[PDB]
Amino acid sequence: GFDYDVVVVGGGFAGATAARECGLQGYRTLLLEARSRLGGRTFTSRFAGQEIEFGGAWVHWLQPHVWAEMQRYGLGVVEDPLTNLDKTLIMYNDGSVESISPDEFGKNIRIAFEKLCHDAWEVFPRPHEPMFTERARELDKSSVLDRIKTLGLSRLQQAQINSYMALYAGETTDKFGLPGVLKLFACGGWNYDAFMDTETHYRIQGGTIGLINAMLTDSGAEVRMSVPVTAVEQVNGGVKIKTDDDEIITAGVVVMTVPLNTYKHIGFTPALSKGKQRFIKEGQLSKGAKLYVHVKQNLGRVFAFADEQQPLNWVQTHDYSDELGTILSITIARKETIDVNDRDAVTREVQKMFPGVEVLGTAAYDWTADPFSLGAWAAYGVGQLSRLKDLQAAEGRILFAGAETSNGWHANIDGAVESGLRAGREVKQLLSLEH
């Protein structure tokens, strides 16, 4: 006699997927989303007359769970075509900027990346079972920086790879676990060309929101937005879920899909396992934010890295023309290096990277300040990947999903989808008995 069979908390990819699995089994399913929008760490908006992506958007057929969903819903890819770069820049930690010939720039990053991931085959023969090998468990005592220091890289190569890794970390590279990066590279066919093809080449036709909506529509689930969950109590062979207006909703099972860094907001009765509590206390690393800048000048096709002590860590042309000028897409590794919502500070930093540009407008999303993310994409610290089963583990009638909890493409939309499929299976084991 519960209100619902299953409640899914969070309406990102993990929650949408889990709700779709549950709904198609015939379970009375409710999804609760804290924000007034669906999508979570995916969010498409508009700036300077154009569509922009504030969070995750890029996918690939080597990412199996999301690719299969795209087949199911009939969604093709939209290509962001790869072109000759007009300009490739590196800013070092001291703020000096160097223009590198684009062919040399690309050659150097490839050298550094392949050196960093040289043992991916040996360490991750089964990238979807990250602790299969004793070598992977041993490497989880190391940071990415520990490895970088042994590679014999040139000054340019070291700055490039450190910038790239600080981006993946959303943090300084001394804090970033090594195995997580190797595992991702392994997921991409243990090959630089294939892996790199997964990063910013393809989006989904109709967008991420189209796929979220297709899954929720398919699910038949009830969906409530602007309803943050503040507590879960296990009681009467089910759960009592408390919302921020103090409404109580009862269910047989609850699937938590909220980002790991937001678990501090939620009371649990009884207490979660010690291992899970440890994860909730540490969180995941990333402190990233996303920024778009509209510049009067036509800069053409540009790319820049900035190393970790600087704010504009990844810069790419989103669009350009004589009429438009240039829209720059920028990813900030660490919120503390810049306030993306302070237009003067942004302008000064952009001008340091590109002397002579006039800034016409900015749009930003500070994922690290948003109470319903408190961080960006999933990134593991030293020693975390080894303990991941503690985060995955069911806690009675509370199940756990989200990209952080996936085994494969954990920094991605795909990992979220993966975790939702797992959650649906775990719900089915609790509700649909073998008889």
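If you superpose the two forms and keep the largest set of C-alpha atoms that fall within 1.5 Å, you have the rigid core. All residue numbers are counted from 1 along the displayed sequence.
Taking the root mean square of CA deviations in 4 other deposited structures of this protein after fitting on the rigid core, 283-291 and 195-203 differ, and the farther of the two is 195-203. For the pair 241-249 and 78-86, greater average C-alpha departure from the shown form in 4 other deposited structures of this protein after core alignment is found in 78-86. The PDB entry records a higher mean C-alpha B factor for 334-342 than for its counterpart among 205-213 and 334-342. Two stretches are in play, 66-74 and 365-373, and the higher mean C-alpha B-factor belongs to 365-373. Residues shown: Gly177, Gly152, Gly220, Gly288. Highest C-alpha temperature factor in the entry: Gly152.
Across the residues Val253, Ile109, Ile249, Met256, the deposited record lists the maximum Cα B factor for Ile109. When the modelled residues of the chain are ordered by their C-alpha B factor, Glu395 lands in the middle third.
Remark: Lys276 belongs to the middle third of its chain, ranked by C-alpha B-factor as recorded. When the modelled residues of the chain are ordered by their C-alpha B factor, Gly325 lands in the highest third.
For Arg224, the recorded CA B-factor ranks within the lowest third of the chain. Only modelled residues enter the ranking. Sort the chain's modelled residues by C-alpha temperature factor and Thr29 lands in the lowest third, per the entry.
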